[PDB]
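Below is one structure, written out as structure tokens; comments come after it.
Protein chains in written order, with PDB author numbering: chain FA, 1 to 140; chain FL, 1 to 140; chain FN, 1 to 140; chain CB, 1 to 140; chain FM, 1 to 140; chain EQ, 1 to 140.
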């Protein structure tokens with residue numbers, strides 16, 4: 001696994017800003033990253049976690065990927081922690097009628113539809129405001 | 001909800017390709033889209049589902065968003081369907097110490113790390129190959 | 001679904017007249033419209049209903065569409081309501097040997113034979129009087 | 001009944017195409033047509049059925065019309081037949097507060113909403129794509 | 001239902017001020033709106049909800065409308081939420097001895113007596129101060 | 001409580017008309033008014049009721065206002081009475097983070113959205129027809 005990551009997120013103004021993670025450890029079929037920026041501390045950290053559920057060899061099963069991106073925040077009045085999180089589950093069938101291309105296509109479509117980050121293509125719908133609309137709990 | 005969507009995915013070459021969804025049905029705080037390409041048929045469809053678990057206004061908890069992007073595929077030999085899917089759960093806390101900028105930041109970071117579609121920002125890790133590695137059950 | 005509809009029906013003269021519906025509810029792959037015209041009252045309304053029985057993915061079985069177009073009328077003396085209704089069931093198989101084109105062809109033929117509204121084609125039978133004959137319980 | 005019919009349906013392109021039926025049987029207020037085109041074979045035919053449930057004279061009750069438009073298709077491998085069908089039930093009350101005009105109005109509205117074939121009237125909703133959306137199991 | 005609303009309310013000085021709602025979703029016989037102003041957030045939102053309890057066709061029953069306008073507020077000391085709300089229930093009989101005019105008259109009278117917003121008529125009582133007196137828990 | 005009221009309602013034309021109430025009785029935190037027009041008689045009256053659910057000063061909860069505006073109507077054939085009513089419940093929290101300006105704001109918004117009687121403010125939606133639509137069981 002990569003020892004460190006510089007991922008793109010959004011500042012208070014929604015401008016693209018780097019967010020720096022470093023690899024804490026690696027267990028059985030999983031990976032744990034911690035945010036190394038000043039705004040994350042042990043009291044209120046930023047975390048990323050990934051895991052593989054890998055089925056036995058063959059074409060019968062469904063492999064699974066579990067990702068989890070969390071940030072803890074403390075109440076201004078009570079310092080009580082509550083966490084915000086985006087969790088992802090990818091399920092990849094082993095029937096040879098499926099492709100890594102199909103996996104990647106689903107990933108790209110989810111990225112476009114919930115984060116508005118897809119590449120540029122002619123007739124694409126404008127998804128730049130979709131993350132804002134989601135964060136407001138309203139459908140695009 | 002939007003009546004139709006043109007989301008960006010990937011073909012067998014992994015080149016950026018449009019994938020067209022149209023609104024099947026809106027239930028209360030629930031939306032079902034269906035793929036209108038020749039790729040999906042009623043027998044083996046491409047589907048999207050989006051749900052809102054919104055707690056009572058008096059109660060404090062986490063509000064939740066559930067998204068699911070599916071593609072069904074049929075076995076060549078048995079025509080039995082198995083499905084591949086990316087599911088996403090967004091948990092947003094009801095504390096004013098959290099805000100939509102943070103929700104969007106988590107969405108953007110998840111997009112960068114699992115789909116490799118973040119906006120260009122100097123010092124970002126090159127996440128372009130990460131969806132390929134994930135589809136191979138390999139940590140980036 | 002569409003928030004409002006202007007469908008074509010017939011007045012007392014059988015002249016083509018608009019009948020206006022608005023989307024009152026939508027729940028669980030079910031859609032319910034109510035008539036906004038003066039002829040639909042609370043006690044004796046005009047109503048539309050549409051349901052989807054969507055089978056699990058697979059190459060076997062039939063998907064089903066249900067639709068009901070109702071007008072309630074009150075008895076002159078007793079004010080007891082009795083309702084007149086045209087209801088449609090569409091059954092779409094999942095064998096790839098079926099087409100949306102075949103579904104649409106059956107819909108258009110039913111429209112021609114029971115409503116007399118088909119498009120103009122050389123050699124078509126004149127179905128204009130067929131809805132009148134049906135309303136009289138007479139085979140065309 | 002009419003000895004033959006030239007109804008309008010849709011080909012694989014969804015272009016308006018004639019579909020031809022001849023009167024094969026008529027018995028006991030029941031009428032059965034068979035499709036004369038090459039696409040209807042003995043093993044997988046195209047068929048039409050129409051029945052009258054005529055109630056005894058009186059001011060109470062509903063008269064009923066039943067109609068079924070069928071196309072049979074054979075499985076590529078198993079040659080087992082499955083059939084796709086649009087079926088209509090018209091229920092006409094006998095309270096003099098009902099009219100043949102109301103029957104025809106419901107028929108025309110059903111044609112507009114499920115087949116998209118209504119006559120042209122200023123302000124009507126565009127129902128042209130509705131049969132496609134229905135065949136896809138999507139509410140218009 | 002209307003996709004968005006600009007309703008008149010009162011600022012901290014009781015001056016007429018717009019309050020902007022947008023349609024979140026539509027379920028069975030109900031409608032959910034959310035305030036889109038800056039002062040409403042997921043932690044302390046403004047909400048509007050409407051529902052119809054519609055009885056069967058006939059003249060026997062009583063139809064009902066349920067409206068609910070809520071605003072959540074957080075304690076300056078503890079950020080604990082409490083909600084303020086105005087709920088409305090309209091009950092419309094189906095006995096033809098009732099009118100939509102009578103429904104509207106009750107609505108207008110309630111508006112005049114609890115909000116002081118009625119139109120101008122010669123001998124009307126001055127109800128401008130009534131909302132203030134109510135908010136003080138004293139009778140007009 | 002006021003000894004008498006001249007509230008604005010609507011006639012059969014929906015023109016703004018006065019409706020006159022006079023104080024029948026004041027109970028403790030409860031008020032009953034009766035319509036003094038020829039429209040109301042003892043057999044089929046027009047009535048108003050207003051109640052205050054005020055919790056003990058030590059206890060924190062919501063204080064409540066209950067208002068009810070009724071018109072009784074007699075069936076022409078049976079002289080059986082059925083009644084039509086608008087009821088209002090105002091729930092005001094006992095947290096200083098809430099105030100009378102917010103109570104009044106909710107009252108004004110409810111008036112605008114269900115009776116269409118808000119004060120003129122640029123950019124407001126035209127709510128004038130909303131009471132008509134509500135009396136038709138149609139969402140604005």
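Ideal Cβ positions, reconstructed from N, Cα and C, are used throughout, including at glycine.
Top-ranked residue by Cα proximity to residue i, from the options
{"i": "residue 75 (chain FM)", "options": "FM:8, FM:84, FM:68 and FM:69", "result": "FM:84"}
{"i": "residue 50 (chain CB)", "options": "CB:34, CB:61, CB:138 and CB:60", "result": "CB:34"}
{"i": "residue 165 (chain EQ)", "options": "FM:133, FM:108 and FM:24", "result": "This structure gives no information on residue 165 (chain EQ), because the portion of chain EQ shown stretches from 1 to 140."}
{"i": "residue 135 (chain CB)", "options": "FN:93, FN:59 and FN:123", "result": "FN:93"}
{"i": "residue 57 (chain FM)", "options": "FN:62, FN:32, FN:44 and FN:61", "result": "FN:44"}
{"i": "residue 60 (chain FL)", "options": "FM:11, FM:127, FM:73 and FM:61", "result": "FM:73"}
{"i": "residue 12 (chain FM)", "options": "EQ:126, EQ:102, EQ:64 and EQ:13", "result": "EQ:102"}
{"i": "residue 65 (chain CB)", "options": "CB:20, CB:31 and CB:14", "result": "CB:31"}
{"i": "residue 46 (chain FA)", "options": "FA:106, FA:19, FA:10 and FA:14", "result": "FA:19"}
{"i": "residue 39 (chain FM)", "options": "FM:71, FM:106 and FM:112", "result": "FM:71"}
{"i": "residue 48 (chain EQ)", "options": "EQ:63, EQ:5, EQ:14 and EQ:62", "result": "EQ:5"}
{"i": "residue 27 (chain FA)", "options": "FA:9, FA:77, FA:63 and FA:52", "result": "FA:52"}
{"i": "residue 14 (chain CB)", "options": "FN:106, FN:112 and FN:123", "result": "FN:106"}
CB contact check: residue i to chain C, cutoff 8 Å
{"i": "residue 24 (chain FM)", "result": "Protein chains FA, FL, FN, CB, FM and EQ are contained in the structure displayed, whereas chain C is not."}
Cβ pair residue i, residue j closer than 8 Å
{"i": "residue 114 (chain FN)", "j": "residue 139 (chain FN)", "result": "no"}
{"i": "residue 104 (chain CB)", "j": "residue 100 (chain FN)", "result": "no"}
{"i": "residue 36 (chain FL)", "j": "residue 22 (chain FL)", "result": "yes"}
{"i": "residue 87 (chain EQ)", "j": "residue 110 (chain EQ)", "result": "no"}
{"i": "residue 16 (chain CB)", "j": "residue 90 (chain FN)", "result": "no"}
{"i": "residue 79 (chain FM)", "j": "residue 24 (chain FN)", "result": "no"}
{"i": "residue 54 (chain CB)", "j": "residue 69 (chain FN)", "result": "no"}
{"i": "residue 117 (chain FN)", "j": "residue 118 (chain CB)", "result": "yes"}
{"i": "residue 3 (chain FN)", "j": "residue 1 (chain FM)", "result": "yes"}
{"i": "residue 82 (chain EQ)", "j": "residue 95 (chain FM)", "result": "yes"}
Beta bridge counterpart(s) of residue i as assigned by DSSP
{"i": "residue 93 (chain CB)", "result": "CB:62"}
{"i": "residue 113 (chain FM)", "result": "The partner list for residue 113 (chain FM) (beta bridge, DSSP) is empty, contrary to what the question assumes."}
{"i": "residue 26 (chain FL)", "result": "FL:31"}
{"i": "residue 122 (chain FA)", "result": "The partner list for residue 122 (chain FA) (beta bridge, DSSP) is empty, contrary to what the question assumes."}
{"i": "residue 4 (chain CB)", "result": "CB:22"}
{"i": "residue 53 (chain FN)", "result": "FN:64"}
{"i": "residue 10 (chain FM)", "result": "FM:16"}
{"i": "residue 106 (chain CB)", "result": "DSSP, once it has assigned bridges, lists no residue as partnering residue 106 (chain CB)."}
{"i": "residue 140 (chain FN)", "result": "BP columns for residue 140 (chain FN) are empty, so no partner."}
{"i": "residue 87 (chain EQ)", "result": "FM:89 and EQ:68"}
{"i": "residue 47 (chain FM)", "result": "FM:34 and FM:70"}
{"i": "residue 82 (chain CB)", "result": "CB:73"}
Interface residues of chain FL facing residue i [CB-CB closer than 7 Å]
{"i": "residue 140 (chain FA)", "result": "2"}
Closer than 9 Å at the beta carbon, the chain CB residues around residue i
{"i": "residue 34 (chain FL)", "result": "136, 137 and 138"}
Interface residues of chain FL facing residue i [CB-CB closer than 8 Å]
{"i": "residue 78 (chain FM)", "result": "Under the 8 Å cutoff, chain FL gives no residues; its nearest Cβ is about 11 Å from residue 78 (chain FM)."}
Listed by chain order, chain FM residues near residue i by CB distance under 8 Å
{"i": "residue 16 (chain EQ)", "result": "108, 118, 119, 120 and 121"}
{"i": "residue 129 (chain EQ)", "result": "Under the 8 Å cutoff, chain FM gives no residues; its nearest Cβ is about 10 Å from residue 129 (chain EQ)."}
Contact list for residue i against chain FM, beta-carbon separation under 9 Å
{"i": "residue 92 (chain FL)", "result": "42"}
Neighbouring residues, chain FN, relative to residue i (Cβ below 7 Å)
{"i": "residue 28 (chain FM)", "result": "25 and 27"}
{"i": "residue 74 (chain FL)", "result": "59"}
8 Å Cβ cut-off: residues of chain FN touching residue i
{"i": "residue 96 (chain FM)", "result": "43 and 79"}
Residue i: contacting residues in chain FL (beta-carbon distance under 9 Å)
{"i": "residue 125 (chain FM)", "result": "By Cβ distance, chain FL contributes nothing, its closest Cβ being about 35 Å from residue 125 (chain FM), past 9 Å."}
Partners in chain FN for residue i, counting only beta-carbon separations shorter than 9 Å
{"i": "residue 83 (chain FL)", "result": "57"}
Problem - Within 8 Å of chain FL by C-beta, residues of the segment 37-71 of chain FM in sequence order - result: Cβ contacts with chain FL: 41, 42, 43, 44, 45, 47 and 70.
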